[PDB]
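Single-structure report; data block below.
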Amino acid sequence: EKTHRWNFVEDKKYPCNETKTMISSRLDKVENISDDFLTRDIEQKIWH
RNA sequence: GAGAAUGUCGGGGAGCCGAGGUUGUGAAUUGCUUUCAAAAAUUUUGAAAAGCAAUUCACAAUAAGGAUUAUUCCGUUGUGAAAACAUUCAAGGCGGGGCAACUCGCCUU
């Protein structure tokens, strides 16, 4: 904080792909799976 | 000035449902008025009917009307003479979703 600023509103948050990240959280909580089942195809499907 | 992304404040349109109210029918109870209709001393009481009601319940309709049997609707909007429109609108295929009806995406004219 003490030396740099990022040219955007200092106290504002900006969207960072909520969809995939929240899918990742819900796919993490289920467990009992390999940590590779989340790919482009699976993510787009479950989104649909 | 234009364009895209992110938030804030408003507006418009469409849709799925709910509870009353009102008018009318039927009923339970109780009234005001009038006539029949008897008794009694112009007046008081009793039977019946009608008019108007009140409290509660069930039901019918809720813009007059016109479709249709899809678990679908059109009727208070705008334009304007055509009483004609607008407010829904193609073909396919490649998929996701369900008991399936049906719903949701992608691809080329």
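Only the coordinates and a few stated rules stand behind these numbers; no lab work does. Positions of Cβ are backbone-derived with ideal geometry, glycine not excepted, and every protein chain shown enters the neighbour counts.
Report the equivalent ellipsoid semi-axes for chain A in whole Å, largest first, defined as the square roots of five times the eigenvalues of the gyration tensor built from alpha carbon atoms.
Values: eigenvalues 207, 36, 16 Å².
Three semi-axes, in Å: 32, 13, 9.
By how many nm would the segment from A:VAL30 to A:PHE8 grow when fully extended, if each residue of separation counts as 0.36 nm and the alpha-carbon distance is taken off? The partial results should precede the final answer.
Numbers: separation 22, 0.36 × 22 = 7.92 nm, distance 3.67 nm.
4.3 nm is the gain from fully extending A:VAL30 to A:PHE8.
Contour minus end-to-end for A:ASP41 and A:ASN17, with contour as 0.36 nm per residue of separation and end-to-end as the Cα-Cα distance? Numbers along the way, then the final one.
On the way: separation 24, 0.36 × 24 = 8.64 nm, distance 1.64 nm.
That works out to 7.0 nm of additional length.
Across chain A, how many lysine pairs, 8 or more apart or on two chains, come within less than 21 Å at their alpha-carbon atoms? Don't jump to the answer; show the numbers that get you there.
On the way: A:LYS2/A:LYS12; A:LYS2/A:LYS13; A:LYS20/A:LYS29; A:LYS20/A:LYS45; A:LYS29/A:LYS45.
Eligible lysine pairs with Cα atoms under 21 Å apart amount to 5.
Per-residue HN-Hα couplings for the range A:29-41, Karplus 6.51 cos²θ - 1.76 cosθ + 1.60 at θ = phi - 60°, whole Hz, x for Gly and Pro?
5, 5, 6, 6, 9, 6, 7, 9, 6, 8, 10, 4, 4
Find which of A:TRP47, A:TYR14, A:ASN32 sits farthest along the positive direction of the dipole of chain A, computed with +1 on the beta-carbon of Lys and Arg, -1 on that of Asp and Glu, about the Cα centre.
With unit charges placed on the Cβ atoms, the residue in question is A:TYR14.
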